[PDB]
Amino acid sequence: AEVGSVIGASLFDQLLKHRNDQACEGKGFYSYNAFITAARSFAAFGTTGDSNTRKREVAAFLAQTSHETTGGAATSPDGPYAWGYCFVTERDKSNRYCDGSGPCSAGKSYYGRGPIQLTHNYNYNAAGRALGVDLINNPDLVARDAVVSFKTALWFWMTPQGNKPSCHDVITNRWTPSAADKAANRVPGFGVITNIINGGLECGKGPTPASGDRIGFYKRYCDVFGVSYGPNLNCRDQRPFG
């Protein structure tokens, strides 16, 4: 019925144990209330399929976003997979990521913000349009309004793009790979969700530390939820889309 039935406030804080560490950027930003309020705008998220598919979707979403925003390393307290949600903004702020063809508001930058590290004027444009907020003229809203921030990540998670299924359709088992997908080893599982998010840099050339970090988060979260991981966790041998 609602995502909170899968993940309560206590469990949210257990998984994202260190997000409000002094070393982290949020200083409260990524609240459970912002998360569940944002999730209400995407009713199917964490409420689709059986009870373990729902747990699995929340774990997959939180694992991917955790990697995007991780403050974790091998020697971190509680390990690398307890440091999700440490960052709100891209460390490098020198690139505006304007494509020169879509709208690009004077003095604004479209570097990574929020749980999925939303990047590029074209994505701020599309996300804002879907959410009913002007993220082209105020992209910083993604770093300042926590509900908006989680909404951009959920928007990304729930929305297909081109030949890419939505991450949602993958983790809920509603995606049937094409023949070319199958030849590329793009079969349903957490691995193809990594591929969707950053396959150009992370997939098709064997193990990478970044995809390994995504998987580490995911297995930790699944273990807490008491759910199996599902098949096809890695994208080592998946051709990037395209």
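We number the residues from 1 along the sequence you see.
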Would you mind comparing 197-205 and 59-67 for me and telling me which has the higher average C-alpha temperature factor in the entry? 197-205
When the C-alpha temperature factors are averaged for each of 5-13 and 21-29, which stretch ends up with the higher value in the entry? 5-13
Between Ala126, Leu154, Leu118, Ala74, which one tops the list for Cα B-factor in this entry? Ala74
Among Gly112, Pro139, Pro80, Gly100, where is the Cα B factor highest in this entry? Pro80
Taking the values exactly as deposited, rank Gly191 by C-alpha B-factor within its chain and report the matching third: lowest, middle or highest. lowest
Among all modelled residues of this chain, ranked by Cα B factor, put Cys104 in the bottom, middle or top third, i.e. lowest, middle or highest. middle
Pull the Cα B-factor of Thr37 out of the PDB entry and bin it into the chain's lowest, middle or highest third. lowest
Hey, what third does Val148 fall into on Cα B-factor, ranked over its chain? lowest
When the deposited Cα B-factors of this chain's modelled residues are ordered and cut into thirds, is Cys86 in the lowest, the middle or the highest one? lowest
